[PDB]
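Everything below concerns the one structure shown next.
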Amino acid sequence: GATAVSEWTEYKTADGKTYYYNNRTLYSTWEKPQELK
(Lines of atoms letter the chains of each structure in order from A; the text may use other names.)
(Lines give C-alpha, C1' and ligand atoms only; values in the text may rest on other atoms or scores of the structure.)
Protein backbone atom coordinates (compact mmCIF):
# COMPACT_ATOMS: atom_id res chain seq x y z
CA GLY A 428 0.00 0.00 0.00
CA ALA A 429 1.11 3.54 -0.80
CA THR A 430 1.77 4.71 2.74
CA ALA A 431 5.43 5.55 2.06
CA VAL A 432 7.44 2.45 2.91
CA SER A 433 11.21 2.23 3.26
CA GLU A 434 11.07 -1.54 2.78
CA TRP A 435 11.35 -1.03 -0.93
CA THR A 436 14.66 -0.21 -2.40
CA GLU A 437 15.44 1.45 -5.71
CA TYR A 438 18.64 0.61 -7.58
CA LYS A 439 20.04 1.94 -10.82
CA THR A 440 22.39 0.45 -13.31
CA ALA A 441 24.42 3.17 -14.93
CA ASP A 442 22.68 2.46 -18.26
CA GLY A 443 19.80 4.18 -16.52
CA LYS A 444 17.86 1.21 -15.35
CA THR A 445 16.14 2.04 -12.14
CA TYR A 446 14.70 -1.28 -11.02
CA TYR A 447 13.20 -1.78 -7.59
CA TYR A 448 14.80 -4.29 -5.29
CA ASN A 449 13.05 -4.39 -1.91
CA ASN A 450 15.16 -5.26 1.02
CA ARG A 451 12.83 -6.93 3.52
CA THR A 452 11.30 -9.41 1.09
CA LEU A 453 13.82 -8.92 -1.73
CA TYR A 454 12.04 -8.22 -4.99
CA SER A 455 13.57 -7.71 -8.38
CA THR A 456 11.01 -5.73 -10.29
CA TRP A 457 11.49 -3.46 -13.26
CA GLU A 458 7.89 -2.43 -12.67
CA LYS A 459 6.81 0.49 -10.51
CA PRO A 460 4.62 -0.80 -7.66
CA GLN A 461 1.42 0.87 -6.46
CA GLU A 462 3.25 2.21 -3.39
CA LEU A 463 5.87 3.66 -5.71
CA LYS A 464 3.46 4.56 -8.50
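In PDB author numbering, the protein residues as written are 428 to 464.
Note that CB positions come from ideal geometry on N, CA and C, so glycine has one too.
*Candidates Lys464, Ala429, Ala441, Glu437: which alpha carbon is nearest residue 376's?*
Residue 376 falls outside the range modelled here, since the chain spans only 428 to 464, and no answer is possible.
*Pick helix, strand or coil for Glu437, following the three-state DSSP scheme.*
On the sequence shown, position 10 is the one that residue 437 refers to. If DSSP states are grouped into helix, strand and coil, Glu437 belongs with the strands.
_The beta strand (DSSP E) that contains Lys444, what's its start and end?_
Against the sequence shown, residue 444 aligns to sequence position 17. Its beta strand (DSSP E) spans residues 444-449.
*For the beta strand (DSSP E) holding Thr452, just list the boundary residues, first then last.*
Along the sequence shown, one-based indexing puts residue 452 at 25. Counted as a single uninterrupted DSSP element, the stretch harbouring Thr452 is not any beta strand (DSSP E), since DSSP gives it neither H nor E.
*asked:* Taking a contact to mean a Cβ-Cβ separation below 7 angstroms, would you say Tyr447 touches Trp435 in this structure?
replied: For the purposes of this step, residue 447 is taken as residue 20 along the sequence shown, with counting starting at 1. For the purposes of this step, residue 435 is taken as residue 8 along the sequence shown, with counting starting at 1. Yes.
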